[PDB]
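Secondary and tertiary structure notes
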Amino acid sequence: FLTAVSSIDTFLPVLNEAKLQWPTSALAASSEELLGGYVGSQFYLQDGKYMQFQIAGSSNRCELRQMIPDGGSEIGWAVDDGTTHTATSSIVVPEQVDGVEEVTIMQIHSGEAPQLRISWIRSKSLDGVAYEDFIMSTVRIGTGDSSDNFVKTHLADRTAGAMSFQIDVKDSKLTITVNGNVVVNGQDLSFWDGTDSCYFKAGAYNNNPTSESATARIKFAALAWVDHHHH
Ligand SMILES: O=C(O)[C@H]1O[C@@H](O[C@H]2[C@H](O)[C@H](O)[C@@H](O[C@H]3[C@H](O)[C@H](O)[C@H](O)O[C@@H]3C(=O)O)O[C@@H]2C(=O)O)[C@@H](O)[C@@H](O)[C@@H]1O
Ligand SMILES: O=C(O)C1=C[C@H](O)[C@H](O)[C@H](O[C@H]2[C@H](O)[C@H](O)[C@H](O)O[C@@H]2C(=O)O)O1
């Protein structure tokens with residue numbers, strides 16, 4: 001039988017501050033249900049160690065969505081609210097099967113748009129350089145679809161071992177640290193000033209696959225939302 005993520009101590013802090021959405025944005029498990037052993041092939045403990053997300057289908061997801069702790073409701077914060085908002089993770093991105101082209105593994109999202117997507121991507125040109133098998137950030141600086149609304153950055157080539165991420169938002173600015181190295185330093189997010197519905201996500205969100213049956217798979221060794229206020 002499949003082992004539940006909550007059978008070990010490692011992920012209990014974040015499971016106390018999340019709901020699981022799967023296979024769409026519909027609720028699959030509340031925080032309480034995650035803490036009490038919710039399990040399936042989309043969401044289980046691998047190697048006794050990794051919180052593993054699996055999902056097939058274009059635009060489908062298996063993702064944790066940040067919640068107020070202790071059974072609270074959806075959280076909502078702002079890039080300019082004066083608080084530092086922090087998420088950390090340690091992620092093993094395995095080699096993906098044929099048909100999977102891009103998997104979003106962390107997000108800053110609001111009521112209506114993704115401010116930040118960190119995604120694995122099989123192949124893409126950025127700024128006239130061709131890159132393969134890598135980790136990318138996509139930041140939105142507007143709501144339109146032309147290329148001027150996005151800032152896209154090569155963060156790192158995918159490694160076989162765990163890669164660590166820290167995301168910080170303070171005073172309308174975004175910083176992304178990858179394996180201890182600051183790669184994105186103070187990206188402007190002031191377009192989003194006043195939007196007070198932002199929240200973190202993490203897991204697997206499958207983008208533009210070429211087969212809807214191909215299963216994306218991501219393993220987390222650590223994940224936390226870091227409260228700079230200690231309630
Ligand atoms: O690859 C492209 O064709 C363009 O895709 C853009 O990123 C989009 C991404 O592929 C996802 O479709 C999607 O994720 C969010 C949606 O924006 C939407 O509001 C939905 O209701 O919530 C989704 C979520 O994040 O959970 O959104 C991306 C988007 O921002 O439109 C860009 O990478 C673009 O440059 C590219 O040409
Ligand atoms: O485009 C979406 O389907 C969508 C992307 C966001 O990341 C987020 O998952 C959002 O989810 C809402 C949704 O309305 C859902 O059905 C539920 O009632 O609340 C979600 C939420 O904000 O947590 O929709």
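First things first, this report covers the structure right here in the doc. (Residues numbered from 1 in each chain as written, not as in the entry; some residues may be left out. Chains lettered and ligands numbered in written order. Heavy atoms only, no water.)

**So, the overall build of the chain**
A tally of regular secondary structure across the chain gives two helices and 15 strands. The globule rule puts the C-alpha radius of gyration for 231 residues at 17 Å, and the 17 Å found for the chain is close to it. In terms of principal-axis extent, the alpha carbons of the chain reach across some 50 × 45 × 30 Å. Looking at the chain as a whole, 49% of its 231 residues are labelled buried. Taking as baseline every contact in the chain between residues at least 6 positions apart, the subset at least 24 positions apart corresponds to 62%. On the chain, roughly 10,300 Å² of surface is accessible, and the fraction owed to carbon and sulfur atoms is 47%. The averaged location of the 28 negative side-chain charges in the chain is 4 Å from the averaged location of its 15 positive side-chain charges. (Helix = DSSP H or I, 4+ residues; strand = E, 2+ residues; numbered from the N terminus. Rg over C-alpha atoms; globule rule 2.2 N^0.38 Å. Buried < 20%, exposed > 50% of the residue type's maximum accessible area, 1.4 Å probe, protein only. Contact = heavy atoms within 4.5 Å. Areas by Shrake-Rupley, 256 points an atom, 1.4 Å probe, with all protein chains shown as cover. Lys, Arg positive; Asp, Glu negative; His and termini not counted. Charge placed at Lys NZ, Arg CZ, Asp CG, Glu CD.)

**Brief notes about the pairing of strand β4 (residues 50-56)**
Note on strand geometry: in a regular strand, side chains alternate between the two faces of the sheet. Taking burial as the measure, the seven residues of β4 include five buried ones, the bulk of the element. Pairing analysis gives four bridges linking strand β3 (residues 43-46) to β4, with the strands arranged antiparallel. Counterpart to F43 in the pairing with β4 is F53. As consecutive antiparallel partners, β3 and β4 are separated by three residues, and within that stretch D47 has a phi angle of approximately 55 degrees, a positive value. The pairing of β4 with strand β15 (residues 215-227) spans six bridges and is classified as antiparallel. Note on β15: the bridge partner recorded for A56 is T215. (Pairing = 2+ DSSP bridges.)

**Points about the sheet that holds β15**
On the basis of which strands lie adjacent, the open sheet formed by seven strands has the order β3-β4-β15-β6-β11-β12-β13 and antiparallel pairing. Taken across any chain shown, the strands that pair with only one partner, and hence form the sheet edges, are β3 and β13 (181-188). Direction aside, the axes of adjacent strands within the sheet are offset by 25 degrees on average. (Axes fitted to C-alpha atoms, helices over the stretch in contact; angles between N-to-C directions.)

**Describing the packing of aromatic side chains**
Under the defined criterion, the tally for this structure stands at six aromatic pairs. Centre to centre, the rings of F53 and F220 are 5.3 Å apart; their planes meet at 70 degrees, and the pair counts as edge-to-face. Of this pair, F53 sits in strand β4 while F220 sits in strand β15; the two residues are 167 residues apart in sequence, bridging distant segments of the chain. According to the relative accessible area criterion, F220 is buried, its value standing at 0%. Ring geometry for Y131 and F134: centres 5.5 Å apart, planes at 45 degrees, overall tilted. The exposure class assigned to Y131 is partly exposed, which follows from its relative accessible area of 24%. Assessed through its relative accessible area of 0%, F134 is described here as buried. (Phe/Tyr/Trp six-rings, centres within 6.5 Å; stacked < 30°, edge-to-face > 60°.)

**Brief notes about the site of ligand 2**
Taken together, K19, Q21, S25, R61, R65, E74, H109, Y199 and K201 make up the full set of residues adjacent to ligand 2. Within the side chain of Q21, a nitrogen or oxygen atom sits 3.0 Å from an oxygen atom of ligand 2. One of the side-chain N or O atoms of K201 is found 2.9 Å from an oxygen atom in ligand 2. Relative to its unbound accessible surface of 520 Å², ligand 2 loses 54% to contact with the protein. Taken together, the elements giving at least two residues each to the shell around ligand 2 come down to β1 (18-21), β5 (61-66) and β14 (199-206). Considered class by class, the residues forming the shell around ligand 2 number one nonpolar, three polar and five charged. (Near = heavy atom within 4 Å. Polar contact = N/O pair within 3.5 Å; in protein donor to acceptor, adjacent residues only side chain to side chain. Nonpolar A, V, L, I, M, F, W, Y, C, P; charged D, E, K, R; others polar.)

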